[PDB]
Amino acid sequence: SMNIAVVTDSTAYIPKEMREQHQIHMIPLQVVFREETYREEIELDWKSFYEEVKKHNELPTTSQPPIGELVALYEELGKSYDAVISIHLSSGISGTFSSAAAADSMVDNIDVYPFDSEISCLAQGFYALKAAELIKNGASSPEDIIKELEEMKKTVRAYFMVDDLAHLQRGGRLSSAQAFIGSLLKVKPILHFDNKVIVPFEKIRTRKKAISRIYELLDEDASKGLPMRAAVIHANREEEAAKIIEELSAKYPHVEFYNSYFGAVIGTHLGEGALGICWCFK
């Protein structure tokens, strides 16, 4: 029956060729520099970001997409589609989600179904892949697709570490956590999402130990022998990510592994040297 489009914001970091394969449209968030503000992924790739930042001593900030651009995308989309699955980074770390919702009453020709992925990066990307796959196999209810995504959210996991805690501190997305701890985070932990916001998952002494702990955490799901997607995400640490994927994929042939990155908007908050691993059931 009805035609359903799929949208995600840039911070899902789905490779552009893969988005084309799967019919996934994308709305960029912004990275703000001293002179220029860019639309990430389209106007600034991840290597340029980390290169620009260190060779200009940039202290970038980020912005959600202008509500105007969301509306324009939906209006355009609505000429060929009845509904859009609009998938976004956590409502606890960005106003993007709530702008997608508010943009729905601003467009007549399409029904927007905002989905709070309560996460970001390729973990959020995974929801858009599932949505496209469902749509490809004749999913004709936007509601049924959303139900599907919410169930999948039950088993999506992500753990990550940063090199310098200062970037997160600066961007403000450790506020909730620190509001609950009652004080200031000084030592680097494993981080994860809990109730839509970033919080320490566990105290750890070294990055090496953090990775090994995350391996254990992955094994808990990877050991069931059920089909999975997983991504090792880096902020300018591609070789390190590749060694991890080399070792992990050998160990888990049933887990499809992606080498992915923190782009300009997310890397603005995590900082170069950040590393994480996420996964979910296919």
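The first residue of the sequence shown is number 1, and the count goes up from there.
- Mean CA B-factor, 31-39 versus 236-244: the higher value falls on 31-39.
- Once the C-alpha B-factors are averaged per stretch, 93-101 and 144-152 rank with 144-152 first.
- For the set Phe180, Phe115, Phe126, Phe193, the PDB entry assigns the largest Cα B-factor to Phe180.
- Between the residues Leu44, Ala222, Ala230, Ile214, the entry's highest C-alpha temperature factor is the one at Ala222.
- Among the modelled residues of its chain, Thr268 has a C-alpha B-factor that falls in the middle third according to the deposited record.
- Annotation for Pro253: C-alpha temperature factor in the lowest third relative to the rest of the modelled chain, per the entry.
- The PDB entry assigns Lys208 a C-alpha temperature factor belonging to the lowest third of its chain's modelled residues.
- Among all modelled residues in this chain, the alpha-carbon of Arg173 has a temperature factor (C-alpha) in the middle third.
- Ranked by C-alpha B-factor against the other modelled residues of its chain, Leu218 falls in the lowest third.
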